[PDB]
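Trainee: Before we start, here is the structure in question, set down as C-alpha coordinates.
Numbering (the working numbering), first residue to last: 336 to 735.
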(Lines of atoms letter the chains of each structure in order from A; the text may use other names.)
(Lines give C-alpha, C1' and ligand atoms only; values in the text may rest on other atoms or scores of the structure.)
Protein backbone atom coordinates (compact mmCIF):
# COMPACT_ATOMS: atom_id res chain seq x y z
CA UNK A 336 0.00 0.00 0.00
CA UNK A 337 1.69 3.16 -1.24
CA UNK A 338 0.32 6.61 -2.07
CA UNK A 339 1.42 7.63 -5.55
CA UNK A 340 0.57 9.41 -8.80
CA UNK A 341 -1.48 7.41 -11.31
CA UNK A 342 -1.41 7.33 -15.11
CA UNK A 343 -4.62 8.40 -16.85
CA UNK A 344 -5.21 4.80 -17.94
CA UNK A 345 -4.91 3.41 -14.42
CA UNK A 346 -7.09 6.22 -13.08
CA UNK A 347 -9.89 5.71 -15.60
CA UNK A 348 -9.93 1.93 -15.27
CA UNK A 349 -10.21 2.07 -11.50
CA UNK A 350 -12.86 4.77 -11.25
CA UNK A 351 -15.02 3.06 -13.94
CA UNK A 352 -15.17 -0.03 -11.73
CA UNK A 353 -16.19 1.67 -8.49
CA UNK A 354 -19.54 2.78 -7.03
CA UNK A 355 -19.88 6.49 -6.26
CA UNK A 356 -17.23 7.54 -8.76
CA UNK A 357 -18.50 10.97 -9.89
CA UNK A 358 -18.41 12.03 -13.56
CA UNK A 359 -15.68 14.51 -12.52
CA UNK A 360 -13.45 11.56 -11.49
CA UNK A 361 -12.83 10.56 -15.13
CA UNK A 362 -10.17 10.80 -17.82
CA UNK A 363 -12.42 13.10 -19.82
CA UNK A 364 -12.67 15.54 -16.90
CA UNK A 365 -8.89 15.26 -16.40
CA UNK A 366 -8.30 16.24 -20.02
CA UNK A 367 -10.90 19.00 -19.75
CA UNK A 368 -9.21 20.62 -16.75
CA UNK A 369 -5.78 20.30 -18.39
CA UNK A 370 -7.19 21.92 -21.52
CA UNK A 371 -8.60 24.78 -19.46
CA UNK A 372 -5.14 25.32 -18.01
CA UNK A 373 -5.64 23.98 -14.49
CA UNK A 374 -2.76 22.39 -12.63
CA UNK A 375 -4.13 18.83 -12.48
CA UNK A 376 -3.02 15.83 -10.41
CA UNK A 377 -3.98 12.16 -10.51
CA UNK A 378 -3.18 10.52 -7.18
CA UNK A 379 -4.13 7.22 -5.59
CA UNK A 380 -3.03 4.17 -3.64
CA UNK A 381 -1.71 0.91 -5.04
CA UNK A 382 -1.40 -2.35 -3.13
CA UNK A 383 1.34 -5.00 -3.26
CA UNK A 384 0.07 -6.32 -6.60
CA UNK A 385 0.39 -2.88 -8.18
CA UNK A 386 -3.42 -2.77 -8.10
CA UNK A 387 -5.10 0.64 -7.72
CA UNK A 388 -7.29 0.63 -4.60
CA UNK A 389 -8.01 4.40 -4.35
CA UNK A 390 -7.85 7.38 -6.68
CA UNK A 391 -8.56 11.08 -6.93
CA UNK A 392 -8.34 13.73 -9.56
CA UNK A 393 -7.16 16.97 -7.93
CA UNK A 394 -7.03 20.46 -9.40
CA UNK A 395 -4.95 23.31 -8.03
CA UNK A 396 -5.28 27.07 -8.46
CA UNK A 397 -2.78 29.75 -7.33
CA UNK A 398 -3.79 31.74 -4.25
CA UNK A 399 -2.00 34.21 -1.99
CA UNK A 400 0.93 34.67 -4.41
CA UNK A 401 2.96 31.50 -3.92
CA UNK A 402 0.40 29.03 -2.58
CA UNK A 403 -2.30 26.83 -4.08
CA UNK A 404 -5.92 25.97 -3.43
CA UNK A 405 -6.33 22.20 -3.89
CA UNK A 406 -9.79 20.75 -4.69
CA UNK A 407 -10.71 17.01 -4.76
CA UNK A 408 -13.42 17.34 -7.44
CA UNK A 409 -16.05 15.10 -5.75
CA UNK A 410 -13.35 12.53 -5.04
CA UNK A 411 -11.61 10.47 -3.82
CA UNK A 412 -12.94 7.18 -5.16
CA UNK A 413 -12.11 4.58 -2.52
CA UNK A 414 -13.77 1.80 -0.49
CA UNK A 415 -15.30 3.85 2.31
CA UNK A 416 -16.13 0.76 4.39
CA UNK A 417 -12.37 0.36 4.99
CA UNK A 418 -11.70 2.94 7.71
CA UNK A 419 -7.97 2.20 7.89
CA UNK A 420 -7.60 2.66 4.15
CA UNK A 421 -9.65 5.87 4.27
CA UNK A 422 -7.41 7.16 7.09
CA UNK A 423 -4.22 6.34 5.18
CA UNK A 424 -5.48 8.06 2.05
CA UNK A 425 -6.44 11.36 3.64
CA UNK A 426 -3.27 11.51 5.72
CA UNK A 427 -1.11 10.86 2.65
CA UNK A 428 -3.14 13.33 0.58
CA UNK A 429 -2.30 15.99 3.17
CA UNK A 430 1.42 15.15 2.92
CA UNK A 431 1.12 15.16 -0.85
CA UNK A 432 -0.41 18.62 -1.13
CA UNK A 433 2.15 19.98 1.35
CA UNK A 434 4.76 19.10 -1.27
CA UNK A 435 3.00 21.43 -3.68
CA UNK A 436 2.69 24.64 -1.65
CA UNK A 437 -0.93 24.04 -0.74
CA UNK A 438 -2.57 26.77 1.34
CA UNK A 439 -5.72 24.74 2.01
CA UNK A 440 -7.20 21.45 0.80
CA UNK A 441 -10.91 21.27 -0.02
CA UNK A 442 -12.65 17.88 -0.29
CA UNK A 443 -16.28 17.06 -1.15
CA UNK A 444 -16.49 13.22 -1.29
CA UNK A 445 -19.35 11.59 -3.18
CA UNK A 446 -20.30 9.83 0.06
CA UNK A 447 -23.91 9.38 1.25
CA UNK A 448 -24.82 10.65 4.70
CA UNK A 449 -28.62 10.28 4.94
CA UNK A 450 -31.55 9.13 2.76
CA UNK A 451 -34.78 11.15 2.66
CA UNK A 452 -38.07 11.20 0.74
CA UNK A 453 -39.09 14.20 -1.36
CA UNK A 454 -41.11 15.62 1.54
CA UNK A 455 -37.89 16.23 3.45
CA UNK A 456 -38.31 13.38 5.93
CA UNK A 457 -35.25 11.31 6.82
CA UNK A 458 -35.84 7.70 5.78
CA UNK A 459 -32.48 6.28 6.85
CA UNK A 460 -28.85 6.84 7.84
CA UNK A 461 -26.21 5.74 5.28
CA UNK A 462 -23.95 4.44 8.05
CA UNK A 463 -21.01 6.77 7.35
CA UNK A 464 -21.33 9.07 10.37
CA UNK A 465 -17.87 7.92 11.57
CA UNK A 466 -16.44 9.85 8.63
CA UNK A 467 -17.08 13.25 10.24
CA UNK A 468 -15.01 12.38 13.33
CA UNK A 469 -12.19 10.88 11.31
CA UNK A 470 -11.92 13.96 9.06
CA UNK A 471 -12.00 16.21 12.14
CA UNK A 472 -9.19 14.18 13.77
CA UNK A 473 -7.16 14.69 10.58
CA UNK A 474 -7.69 18.46 10.49
CA UNK A 475 -10.36 18.37 7.78
CA UNK A 476 -12.98 20.82 9.11
CA UNK A 477 -16.56 20.22 7.96
CA UNK A 478 -18.18 23.38 6.59
CA UNK A 479 -21.65 22.39 7.82
CA UNK A 480 -24.99 21.04 6.66
CA UNK A 481 -25.60 23.64 4.00
CA UNK A 482 -28.71 23.69 1.82
CA UNK A 483 -29.74 25.59 -1.29
CA UNK A 484 -27.51 26.19 -4.29
CA UNK A 485 -24.20 27.74 -3.24
CA UNK A 486 -21.99 29.65 -5.70
CA UNK A 487 -18.97 27.49 -4.86
CA UNK A 488 -19.98 24.36 -2.97
CA UNK A 489 -21.53 21.46 -4.88
CA UNK A 490 -25.20 20.80 -4.02
CA UNK A 491 -25.38 18.28 -1.16
CA UNK A 492 -28.69 16.67 -2.21
CA UNK A 493 -29.57 14.44 -5.18
CA UNK A 494 -32.90 12.94 -6.30
CA UNK A 495 -31.95 9.41 -7.37
CA UNK A 496 -33.92 6.64 -9.10
CA UNK A 497 -32.68 3.11 -8.43
CA UNK A 498 -32.88 0.87 -11.49
CA UNK A 499 -31.22 -2.25 -10.06
CA UNK A 500 -33.25 -5.34 -11.04
CA UNK A 501 -35.99 -3.29 -12.68
CA UNK A 502 -37.41 -3.20 -16.19
CA UNK A 503 -38.98 -0.26 -17.97
CA UNK A 504 -42.44 -1.62 -17.08
CA UNK A 505 -41.47 -1.65 -13.39
CA UNK A 506 -40.32 1.95 -13.67
CA UNK A 507 -43.53 3.12 -15.31
CA UNK A 508 -45.60 1.17 -12.79
CA UNK A 509 -43.87 2.94 -9.88
CA UNK A 510 -44.45 6.44 -11.32
CA UNK A 511 -47.31 8.45 -9.85
CA UNK A 512 -50.47 8.99 -11.92
CA UNK A 513 -49.35 12.23 -13.55
CA UNK A 514 -45.89 10.96 -14.61
CA UNK A 515 -47.24 7.63 -15.87
CA UNK A 516 -49.94 9.38 -17.91
CA UNK A 517 -47.55 11.88 -19.48
CA UNK A 518 -44.94 9.20 -20.18
CA UNK A 519 -47.53 7.01 -21.92
CA UNK A 520 -48.61 10.13 -23.82
CA UNK A 521 -45.24 10.90 -25.44
CA UNK A 522 -44.76 7.27 -26.35
CA UNK A 523 -47.51 7.90 -28.91
CA UNK A 524 -48.08 11.61 -29.65
CA UNK A 525 -45.66 12.39 -32.48
CA UNK A 526 -42.73 13.58 -30.36
CA UNK A 527 -39.26 12.26 -31.25
CA UNK A 528 -35.84 12.40 -29.59
CA UNK A 529 -32.48 12.90 -31.29
CA UNK A 530 -29.03 13.62 -29.94
CA UNK A 531 -27.43 16.97 -30.67
CA UNK A 532 -23.83 17.45 -31.81
CA UNK A 533 -21.67 20.48 -31.07
CA UNK A 534 -22.93 22.51 -34.03
CA UNK A 535 -26.50 22.28 -32.70
CA UNK A 536 -25.57 23.06 -29.11
CA UNK A 537 -27.33 26.43 -29.45
CA UNK A 538 -30.68 24.62 -29.75
CA UNK A 539 -30.05 23.16 -26.29
CA UNK A 540 -28.86 26.57 -25.12
CA UNK A 541 -32.16 28.14 -26.18
CA UNK A 542 -33.91 26.16 -23.42
CA UNK A 543 -31.57 27.37 -20.67
CA UNK A 544 -21.30 29.57 -19.22
CA UNK A 545 -21.57 28.88 -22.96
CA UNK A 546 -18.11 27.34 -23.20
CA UNK A 547 -18.92 25.12 -20.22
CA UNK A 548 -21.17 22.92 -22.36
CA UNK A 549 -19.02 23.03 -25.46
CA UNK A 550 -15.97 21.80 -23.53
CA UNK A 551 -17.91 18.95 -21.91
CA UNK A 552 -19.06 17.75 -25.33
CA UNK A 553 -15.50 17.94 -26.64
CA UNK A 554 -13.66 16.23 -23.76
CA UNK A 555 -16.28 13.86 -22.31
CA UNK A 556 -17.04 12.54 -25.81
CA UNK A 557 -19.25 9.46 -25.46
CA UNK A 558 -19.81 10.13 -21.76
CA UNK A 559 -22.13 13.01 -22.55
CA UNK A 560 -25.37 13.05 -24.54
CA UNK A 561 -27.71 15.93 -25.39
CA UNK A 562 -31.16 14.52 -26.14
CA UNK A 563 -33.63 16.90 -27.82
CA UNK A 564 -37.36 16.15 -27.88
CA UNK A 565 -38.90 17.62 -31.01
CA UNK A 566 -41.60 17.41 -33.65
CA UNK A 567 -40.85 17.01 -37.36
CA UNK A 568 -44.06 18.36 -38.86
CA UNK A 569 -43.84 16.69 -42.27
CA UNK A 570 -43.51 13.30 -40.58
CA UNK A 571 -46.10 14.18 -37.93
CA UNK A 572 -48.66 15.35 -40.48
CA UNK A 573 -47.93 12.28 -42.62
CA UNK A 574 -48.65 9.95 -39.70
CA UNK A 575 -51.89 11.80 -38.93
CA UNK A 576 -53.06 11.44 -42.52
CA UNK A 577 -52.32 7.73 -42.48
CA UNK A 578 -54.36 7.42 -39.30
CA UNK A 579 -57.11 9.50 -40.93
CA UNK A 580 -57.32 7.14 -43.91
CA UNK A 581 -57.94 4.24 -41.53
CA UNK A 582 -60.62 6.18 -39.63
CA UNK A 583 -62.35 7.04 -42.92
CA UNK A 584 -62.37 3.40 -44.00
CA UNK A 585 -63.84 2.32 -40.67
CA UNK A 586 -66.37 5.15 -40.83
CA UNK A 587 -67.63 3.95 -44.19
CA UNK A 588 -67.99 0.42 -42.84
CA UNK A 589 -70.07 1.97 -40.07
CA UNK A 590 -72.23 3.89 -42.53
CA UNK A 591 -72.91 0.75 -44.58
CA UNK A 592 -73.94 -1.01 -41.39
CA UNK A 593 -76.41 1.71 -40.48
CA UNK A 594 -77.96 1.17 -43.92
CA UNK A 595 -78.23 -2.59 -43.48
CA UNK A 596 -79.63 -2.00 -39.97
CA UNK A 597 -81.02 1.54 -39.61
CA UNK A 598 -82.15 0.52 -36.13
CA UNK A 599 -78.87 -0.88 -34.78
CA UNK A 600 -78.07 1.53 -31.95
CA UNK A 601 -74.57 0.09 -31.64
CA UNK A 602 -73.88 0.97 -35.29
CA UNK A 603 -75.06 4.54 -34.73
CA UNK A 604 -72.85 4.80 -31.65
CA UNK A 605 -69.92 3.43 -33.65
CA UNK A 606 -70.37 6.08 -36.38
CA UNK A 607 -70.49 8.88 -33.76
CA UNK A 608 -67.37 7.43 -32.10
CA UNK A 609 -65.44 7.51 -35.40
CA UNK A 610 -66.70 10.93 -36.51
CA UNK A 611 -65.50 12.41 -33.23
CA UNK A 612 -62.03 10.92 -33.73
CA UNK A 613 -61.97 12.26 -37.29
CA UNK A 614 -62.72 15.78 -36.04
CA UNK A 615 -59.98 15.54 -33.43
CA UNK A 616 -57.62 14.15 -36.09
CA UNK A 617 -58.51 17.06 -38.38
CA UNK A 618 -57.78 19.65 -35.69
CA UNK A 619 -54.44 17.98 -34.99
CA UNK A 620 -53.53 18.26 -38.67
CA UNK A 621 -54.59 21.92 -38.78
CA UNK A 622 -52.54 22.67 -35.65
CA UNK A 623 -49.54 20.92 -37.16
CA UNK A 624 -49.74 22.94 -40.35
CA UNK A 625 -50.09 26.19 -38.43
CA UNK A 626 -47.10 25.45 -36.17
CA UNK A 627 -45.02 24.29 -39.14
CA UNK A 628 -45.62 27.57 -40.97
CA UNK A 629 -44.81 29.66 -37.92
CA UNK A 630 -41.81 27.73 -36.58
CA UNK A 631 -40.53 25.71 -39.52
CA UNK A 632 -40.54 21.94 -39.99
CA UNK A 633 -38.73 21.12 -36.74
CA UNK A 634 -40.12 22.32 -33.44
CA UNK A 635 -37.70 21.72 -30.55
CA UNK A 636 -39.69 21.37 -27.33
CA UNK A 637 -37.37 20.08 -24.58
CA UNK A 638 -33.70 19.20 -24.14
CA UNK A 639 -31.30 17.85 -21.55
CA UNK A 640 -27.56 17.61 -20.97
CA UNK A 641 -26.58 14.16 -19.65
CA UNK A 642 -23.39 12.62 -18.28
CA UNK A 643 -23.03 8.87 -18.78
CA UNK A 644 -20.70 6.66 -16.80
CA UNK A 645 -20.78 3.06 -15.57
CA UNK A 646 -22.03 4.10 -12.12
CA UNK A 647 -24.94 6.27 -13.24
CA UNK A 648 -26.64 8.43 -15.82
CA UNK A 649 -26.87 12.04 -14.63
CA UNK A 650 -29.51 14.56 -15.71
CA UNK A 651 -27.22 17.59 -15.30
CA UNK A 652 -29.22 20.40 -16.89
CA UNK A 653 -32.27 20.81 -19.05
CA UNK A 654 -35.16 22.98 -20.12
CA UNK A 655 -38.59 22.80 -21.73
CA UNK A 656 -40.48 25.32 -23.87
CA UNK A 657 -43.32 26.87 -21.85
CA UNK A 658 -45.48 27.24 -24.96
CA UNK A 659 -45.37 23.56 -25.83
CA UNK A 660 -45.44 21.85 -22.46
CA UNK A 661 -48.63 20.09 -23.52
CA UNK A 662 -46.55 17.98 -25.94
CA UNK A 663 -44.73 16.51 -22.91
CA UNK A 664 -41.27 16.87 -24.40
CA UNK A 665 -39.87 16.83 -20.87
CA UNK A 666 -41.21 13.33 -20.28
CA UNK A 667 -39.84 12.17 -23.65
CA UNK A 668 -36.33 13.35 -22.76
CA UNK A 669 -36.39 11.65 -19.34
CA UNK A 670 -37.86 8.43 -20.75
CA UNK A 671 -35.15 8.20 -23.41
CA UNK A 672 -32.34 8.41 -20.87
CA UNK A 673 -33.94 6.19 -18.22
CA UNK A 674 -34.22 3.60 -21.01
CA UNK A 675 -30.64 4.25 -22.06
CA UNK A 676 -29.57 3.21 -18.53
CA UNK A 677 -31.86 0.14 -18.47
CA UNK A 678 -30.72 -1.06 -21.90
CA UNK A 679 -27.01 -0.54 -21.26
CA UNK A 680 -26.44 -1.83 -17.75
CA UNK A 681 -26.37 1.35 -15.67
CA UNK A 682 -28.35 0.72 -12.47
CA UNK A 683 -28.68 4.30 -11.23
CA UNK A 684 -30.50 7.27 -12.74
CA UNK A 685 -29.58 10.54 -11.05
CA UNK A 686 -32.10 13.41 -11.46
CA UNK A 687 -29.31 15.22 -9.63
CA UNK A 688 -29.53 18.43 -7.60
CA UNK A 689 -32.34 19.59 -5.31
CA UNK A 690 -32.04 22.47 -2.82
CA UNK A 691 -32.64 20.33 0.25
CA UNK A 692 -35.22 22.86 1.48
CA UNK A 693 -38.35 20.76 1.15
CA UNK A 694 -40.90 23.58 1.47
CA UNK A 695 -43.78 24.60 -0.77
CA UNK A 696 -42.11 27.98 -1.17
CA UNK A 697 -38.77 26.40 -2.04
CA UNK A 698 -37.19 27.85 -5.17
CA UNK A 699 -37.14 24.40 -6.80
CA UNK A 700 -40.45 23.13 -5.36
CA UNK A 701 -41.98 22.43 -8.76
CA UNK A 702 -38.94 20.50 -9.97
CA UNK A 703 -38.87 18.42 -6.79
CA UNK A 704 -42.51 17.33 -7.28
CA UNK A 705 -41.61 16.27 -10.82
CA UNK A 706 -38.65 14.17 -9.64
CA UNK A 707 -40.77 12.77 -6.80
CA UNK A 708 -43.28 11.51 -9.36
CA UNK A 709 -40.68 9.13 -10.85
CA UNK A 710 -40.37 7.30 -7.51
CA UNK A 711 -36.87 8.64 -6.94
CA UNK A 712 -35.49 8.99 -3.41
CA UNK A 713 -33.32 11.74 -1.88
CA UNK A 714 -29.67 11.14 -1.04
CA UNK A 715 -27.95 13.68 1.23
CA UNK A 716 -24.16 13.63 1.08
CA UNK A 717 -21.65 14.41 3.85
CA UNK A 718 -20.69 17.76 2.35
CA UNK A 719 -17.46 19.76 2.30
CA UNK A 720 -14.32 19.62 4.41
CA UNK A 721 -11.42 22.06 4.42
CA UNK A 722 -7.97 21.45 5.85
CA UNK A 723 -5.93 24.66 6.18
CA UNK A 724 -2.23 23.91 5.57
CA UNK A 725 -0.82 27.32 6.59
CA UNK A 726 -3.34 28.67 9.10
CA UNK A 727 -2.17 32.27 9.48
CA UNK A 728 -1.93 32.80 5.72
CA UNK A 729 -5.29 31.07 5.27
CA UNK A 730 -6.74 33.38 7.94
CA UNK A 731 -5.57 36.41 5.95
CA UNK A 732 -6.97 34.82 2.78
CA UNK A 733 -10.45 34.35 4.25
CA UNK A 734 -10.43 37.89 5.65
CA UNK A 735 -10.24 39.10 2.04
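Idealized CB from N, CA, C, for every residue including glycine.
Residues in the same chain with beta-carbon distance under 7 Å from residue 361, minus the five sequence neighbours each way, listed in chain order, please.
Mentor: As a first step, residue 361 is located in the chain shown; it is residue number 26 there, counting from the start. The residues are 347, 350, 558 and 644.
Trainee: Kindly indicate which three-state DSSP category residue 461 falls into: helix, strand or coil?
Mentor: Here residue 461 corresponds to residue number 126 of the chain shown, with the count starting at 1. In this structure, residue 461 counts as coil in the three-state DSSP scheme.
Trainee: Alpha carbons only, please: which of 529, 692 and 677 is nearest the one belonging to residue 451?
Mentor: Stepping through the chain shown from its first residue, residue 451 is reached at position 116. The shortest C-alpha separation from residue 451 is found at 692.
Trainee: Kindly indicate the opening and closing residues of the alpha helix (DSSP H) around residue 424.
Mentor: Taking the first residue of the chain shown as 1, we reach residue 424 at position 89. Counting along the chain, the alpha helix (DSSP H) containing residue 424 begins and ends at 418-433.
Trainee: Of all the beta strand (DSSP E) runs that stay within the bounds of the region 435-489, which reach a length of 3 or more residues?
Mentor: 437-442, 447-451 and 457-460
Trainee: Using 10 angstroms around the beta-carbon of residue 394, count the other beta-carbons present and answer buried if the total reaches 16, otherwise exposed.
Mentor: To locate residue 394, count along the chain shown from 1; it is residue 59. Within 10 angstroms of the beta-carbon of residue 394 lie 16 or more other beta-carbons, which makes it buried.
Trainee: So what does DSSP say about residue 646, is it helix, strand or coil?
Mentor: Working through the chain shown from its first residue, we reach residue 646 at position 311. Correct three-state label for residue 646: coil.
Trainee: In terms of residues, what are the limits of the alpha helix (DSSP H) holding residue 584?
Mentor: Locating residue 584 in the chain shown gives position 249, counting from the first residue. Residues 568-595.
Trainee: Grouping DSSP H, G and I as helix and E and B as strand, with all else coil, what is residue 523?
Mentor: Translated into positions along the chain shown, residue 523 becomes position 188. Residue 523: coil per DSSP, three-state reduction.
Trainee: Can you find the residues in the same chain that come closer than 6 Å, C-beta to C-beta, to residue 528, ignoring five residues on each side of it along the sequence?
Mentor: Your numbering for residue 528 matches position 193 in the chain shown. Answer for residue 528: 562, 564, 667 and 671, listed in chain order.
Trainee: From which residue to which residue does the alpha helix (DSSP H) around residue 608 run?
Mentor: Position 273 of the chain shown holds residue 608. From DSSP, the alpha helix (DSSP H) with residue 608 extends over 600-630.
Trainee: For the region 531-550 against the region 675-684, are there 3 or more C-beta pairs whose distance is under 8 Å?
Mentor: no
Trainee: Decide if residue 336 is buried, meaning its Cβ has at least 16 other Cβ atoms within 10 Å, or exposed.
Mentor: Reading the chain shown from its first residue, position 1 is the one you call residue 336. Exposed, since its Cβ has fewer than 16 Cβ neighbours within 10 Å.
Trainee: Can you give me the Cβ contacts of residue 698 inside the same chain, cut-off strictly under 7 Å, excluding the 5 residues immediately before and after it?
Mentor: As a first step, residue 698 must be located in the chain shown, where it is residue number 363. Taken in chain order, the residues that qualify are 690.
Trainee: Evaluate residue 364 with the Cβ neighbour count: other Cβ atoms within 10 Å of its Cβ, from every protein chain shown; 16 or more gives buried, anything less gives exposed.
Mentor: Mapped onto the chain shown, residue 364 falls at position 29. Counting Cβ neighbours within 10 Å, residue 364 comes out buried, since at least 16 surround it.
Trainee: Starting from residue 507, follow its DSSP beta bridges and name the residues at the other end.
Mentor: Numbered from 1 along the chain shown, position 172 holds the residue referred to as residue 507. Partner(s): none; residue 507 has no beta bridge.
Trainee: Can you name, in chain order, every residue of its own chain whose Cβ lies under 6 Å from the Cβ of residue 334, other than the five neighbours on each side?
Mentor: The chain is shown only over 336 to 735; residue 334 falls outside these bounds and no answer can be derived.
Trainee: Quick one: what's residue 413 bridged to in DSSP?
Mentor: Counting from one through the chain shown, the residue named residue 413 turns up at place 78. BP columns for residue 413 point to 389.
Trainee: Of all the options 654, 611, 723 and 637, which has the alpha carbon lying nearest to the alpha carbon of residue 430?
Mentor: Taking the first residue of the chain shown as 1, we reach residue 430 at position 95. When each option's Cα is compared against that of residue 430, the closest is 723.
Trainee: What do you reckon, are the CB atoms on residue 380 and residue 424 nearer than 7 Å?
Mentor: Taking the chain shown and counting its residues from 1, one reaches residue 380 at position 45. Taking the chain shown and counting its residues from 1, one reaches residue 424 at position 89. In contact: residue 380 and residue 424 (Cβ atoms closer than 7 Å).
Trainee: Count the CB pairs spanning the region 564-579 and the region 603-622 that are closer than 8 Å, and state whether there are at least three.
Mentor: yes
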